[PDB]
Amino acid sequence: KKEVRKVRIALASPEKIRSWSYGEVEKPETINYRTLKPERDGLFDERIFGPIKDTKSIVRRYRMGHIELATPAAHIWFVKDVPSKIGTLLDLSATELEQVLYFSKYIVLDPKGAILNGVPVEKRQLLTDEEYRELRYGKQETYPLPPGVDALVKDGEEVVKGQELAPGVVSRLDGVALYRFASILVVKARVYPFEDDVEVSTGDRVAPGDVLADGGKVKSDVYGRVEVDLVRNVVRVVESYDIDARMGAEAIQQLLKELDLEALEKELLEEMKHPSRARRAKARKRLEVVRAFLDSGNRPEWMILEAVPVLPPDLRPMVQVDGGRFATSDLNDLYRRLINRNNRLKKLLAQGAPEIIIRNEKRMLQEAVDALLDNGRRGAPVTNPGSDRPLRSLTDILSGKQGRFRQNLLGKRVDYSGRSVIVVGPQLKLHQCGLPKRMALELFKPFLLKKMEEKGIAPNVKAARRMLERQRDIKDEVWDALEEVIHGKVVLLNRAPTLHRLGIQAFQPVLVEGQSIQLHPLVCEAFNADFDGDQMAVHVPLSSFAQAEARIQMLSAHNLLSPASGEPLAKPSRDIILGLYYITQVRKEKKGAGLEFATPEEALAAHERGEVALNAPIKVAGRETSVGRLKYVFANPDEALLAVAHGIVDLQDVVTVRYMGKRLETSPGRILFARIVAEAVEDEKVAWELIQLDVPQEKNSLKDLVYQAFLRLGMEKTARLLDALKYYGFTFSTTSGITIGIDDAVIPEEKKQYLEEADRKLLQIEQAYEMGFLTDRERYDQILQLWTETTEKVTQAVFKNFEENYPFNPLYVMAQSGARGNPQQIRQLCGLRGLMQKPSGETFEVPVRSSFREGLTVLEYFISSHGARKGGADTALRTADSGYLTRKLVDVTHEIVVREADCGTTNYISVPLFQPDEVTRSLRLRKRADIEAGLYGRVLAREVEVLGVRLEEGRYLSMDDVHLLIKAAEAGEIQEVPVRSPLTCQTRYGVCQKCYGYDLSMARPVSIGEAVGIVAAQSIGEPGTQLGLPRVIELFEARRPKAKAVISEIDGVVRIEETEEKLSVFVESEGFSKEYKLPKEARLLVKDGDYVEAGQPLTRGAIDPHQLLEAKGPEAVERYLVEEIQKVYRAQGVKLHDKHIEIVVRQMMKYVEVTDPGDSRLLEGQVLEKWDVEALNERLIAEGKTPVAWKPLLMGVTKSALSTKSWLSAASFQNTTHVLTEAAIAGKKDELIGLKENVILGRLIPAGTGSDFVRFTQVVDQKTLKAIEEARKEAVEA
Ligand SMILES: [Mg+2]
Ligand SMILES: [Zn+2]
């Protein structure tokens, strides 16, 4: 019942394994082919895993078995991890020593080693088993003797080298040769005769000084075993004492049993505090392991495993494919192999012990356990021979690109989904999408079944399915049921590359006849989907709760503004823009008569007579008014438009119309546009005030109109305005007749002489190059400058020509309006595409004189093919590169969610209003877009009054406030604005509403509980696809730029010495001077004698963020990073707000490394807030003034993503093995904070609706409220 908050991962005791499992499996018989039921106690046995029939089969998913190995085993992760957990807990070498002990046959033994073989005492040294059992039993040399011969050697003869033991036998070392009847026994032992009782009997191993026999007469002199022979009444003392011997895991277990963590910890402390850093680094590397083992409970004794758990059968099922053959998970094969090996070991130990065979089968079992735990690390165990496909192990199931972690994180398949090609849906409103009738019928199939079961169409659901199974039985009643089903439902449309949040959009389906999905044209840019045939997909959420989600916050009618900025995305598109520009344009032709009209009053009649003739046009360029203004005057807009309907005057003709209160000299087109705006909305005074009816409706004007309407009216009215505006734009674009012919690409004639002049100039330049006054580089620069100047001159001439001569040219009308094209494209069409770049990256000397209006020569087309190929390849790579960048960003910033009470942050950031450096030393107000992206939607840190207006502290900066601040800065009152920011928020995991701000899909302040981190990452990454990018990569991944710029770290004065070898700049201070050397290519930007501060760039180039943080501090480098990121984004024309960059930069520098240790080690770095809390506890909450002096560490996006307190995300991110091992050494209570973890958990995501702030909210109607409240007051008795 209680909510899961922490997941603790830890190690298992053998008792824990026994309690966990329900019985033991000991046959290698999963299931026989004949008996499809579980055969015997094997891997699928019935009574041990739960019944296979109908508790459910989920016990066979939950209940697990176990194997009680007679021989202990150690987990492969703790022996093969890069830091060998046993190899770092113990003093053992991982690469060979640990494996050779744990698989092969060597000896490890602590207690005693003073026995000498030319080598001093042993404390923890390794000796091979061979010399071990040599030293175990003294010195053995044997030489047989023929029977029936009493040789010259007696039972106690001493023998040295060179002595003839026989006529042909010679020994090898000095010692004693014992005689048997029947051999000679050479030993390096000591014999001792005696004549009294024995104190040490046969078998005992004795130390010097201990009594051997005969009381004090005879005492021991060396270590070794004692053998008493009563035939000669003598003691032989071999040199072999009682010495410990263990093999394999039990030995390790012995080690782990004999190792105590507390004394180990103290001696590690001593071994790290005393010497230099060289040993203490690895001392900490193993001391963290020791502290984790000690502080987390679980002792390392069971860190090697005795009872192996057995996976429930349904997690590894053998399921039939065809013809009796069973497809199996390799886990079953590995378990069968392990069971067979264990049973072989069991019966082997039961029957007899051939020692070499026992060692061999111990190695066999250990390798089998290794393979079971994971395959590939030691050899490549494979399936039955002939199929060289490596078996799949537990690590393979968990880890890998397609594993348990990496397959729930995507969920590549969904049930209620479809896809189709999309077509324009202009007849639909913005909150609708056209759905083909067949996919609409099949998608809601259960809904259809239930709804037509509500009526009498079919008796039951089975009859319904059988009737609908064929389309020959369709009826119009079925279609009525269909339209009944989806009256209120919505579906989610999805584009395959989902670069941002708007790639998923809810819609209301409308039944249509056809194959394709009809899409509203206005969302043609929300999706990056054209109509060249590319497809788009549809999903259908089932639960009414999810329907509420989609209809409320994912419905497209409600998301009209970007999350990346305040700009709208539902702005009128190309066609509507062209139509409305055509309807609200005013022409102008000619005045060949006396234009003076203000003076003469007979000029009204005189020029009316002139207009009767051809003296002056109806739209004449009169001094004060056109004769059209005089001739026609309209009481109402209706009269003007009705007179237009009678063809008297066009929609583009100026005329005096008496509007609601004034006489306006406008065209009926502009009046009609104002009428459309006023009809789409309810009130007209507001509509009249929020439009600009004296200029053509260019795309910027439409965008401003839409934004203002959104601000002042809200959601529904803006949507209706967009619908009506699009509809009228379409109709007037149709009836107006905009068309493109070959003659529309008019060629201005004046440019011709321009070319000649350019040509002439080339000649002198060529002559200037012929005389040798110019070098190749400067000549190329001169030619490039001349051509790029004359191209601009020709473009200016082209636009002047289009203005003067043909106001209504289709190319010119779409250039002026925001429909399509750029001046460069129009110049290519009509003028000349002069400069064409070379494959090397430079530009050809010979330009392209021709245009597409004329014909290109073969060579010119062949040359332009180079640039075509370059652009194609660039796009084809940058697509995937930008996707990968977005992946990095979302991984690092997925923890940021606005859950908050307003944090008491007495801190802020001062957003500049003047560019610190637009020239070398000058201040100018930042570009309006820049100030908007820095200030719009922020919160004022403290009250400011600039122009007689009191902007109180805590007031969100709306668009009007930003404009007012910009105007004030223009006047010159303030230069910086103090604002709250995420960079200074004190919220633990996320930001507060005040520190975050005000920009959203809406304008209102952000709701508490939305993952602003994910949308931040998406807004950063989406423009990257159409974007340079290496700079962005090297900035979010904190790296060392190759073009490093020399900077200062201390304030002082600049002393530039012009040493020709290397320019030496001296930062001079009172007590010290710093010197920097600049090579020939290092072009500085400072002047001698200038005052210089910390972090001031001495040379031109990029700045390493790490050294900048070292010099100035966190805030300075944060501002530098944000500005540098914004630089490239502005350079590409993409408008992006700074909230997202600030969020990622804050997540980038949430790590500090302490320097003065407190209650833990010093040279360790992790989350800053942890020392925030810990310093609060150490200094204030608890006693003990130990300052945990930390330094902020700046690491790239990747490293910050990797090092996380939670281990779920780390396991799902890079490598499950090492991460899980680390999280297993210490019981890691993973808090379910962060979003990726709760995705893996599949539970309610913390962000959005799943925020505990809104997760539960009792709701009750009013009448039941009165009932329950009456029960309440009657519950209060008396
Ligand atoms: Mg396409
Ligand atoms: Zn805050």
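Following Swiss-Prot, chain A shows residues 2-55, 81-207, 391-1236, 1255-1505, kept in their order.
Each residue, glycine too, has its Cβ placed from N, Cα and C.
For reference, Swiss-Prot has these:
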BINDING   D739, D741, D743  Mg(2+) binding site
BINDING   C1112, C1194, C1201, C1204  Zn(2+) 2 binding site
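Overlay of Swiss-Prot annotations on the structure.
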residue: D739; record: Mg(2+) binding site; Cβ contacts under 8 Å, 6 or more apart: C733
residue: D741; record: Mg(2+) binding site; Cβ contacts under 8 Å, 6 or more apart: none
residue: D743; record: Mg(2+) binding site; Cβ contacts under 8 Å, 6 or more apart: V630, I631
residue: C1112; record: Zn(2+) 2 binding site; Cβ contacts under 8 Å, 6 or more apart: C1194, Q1195, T1196, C1201, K1203, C1204
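Taking each Cβ in turn and tallying the other Cβ atoms within 10 Å, the top scorer among the binding-site residues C1194, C1201, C1204 is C1204. Proximity to ligand 2 at the level of Cβ atoms, with a cut-off under 6 angstroms, picks out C1194, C1204 from the binding-site residues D741, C1194, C1204. Sequence-ordered, the extra residues of this chain that approach the Mg(2+) site, with Cβ no more than 8 Å from the Cβ center of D739, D741, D743, are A738, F740, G742. Contact annotation for binding-site residues (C1112, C1194, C1201, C1204) versus ligand 1: none, no CB falling under 6 Å from a ligand atom. Other than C1112, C1194, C1201, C1204, the residues of this chain whose Cβ falls within 8 Å of the Cβ centroid of the Zn(2+) 2 site are, in sequence order, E1109, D1111, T1114, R1189, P1191, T1193, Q1195, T1196, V1200, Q1202, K1203, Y1205.
The DSSP secondary structure for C1204 (Zn(2+) 2 binding site) is helix.
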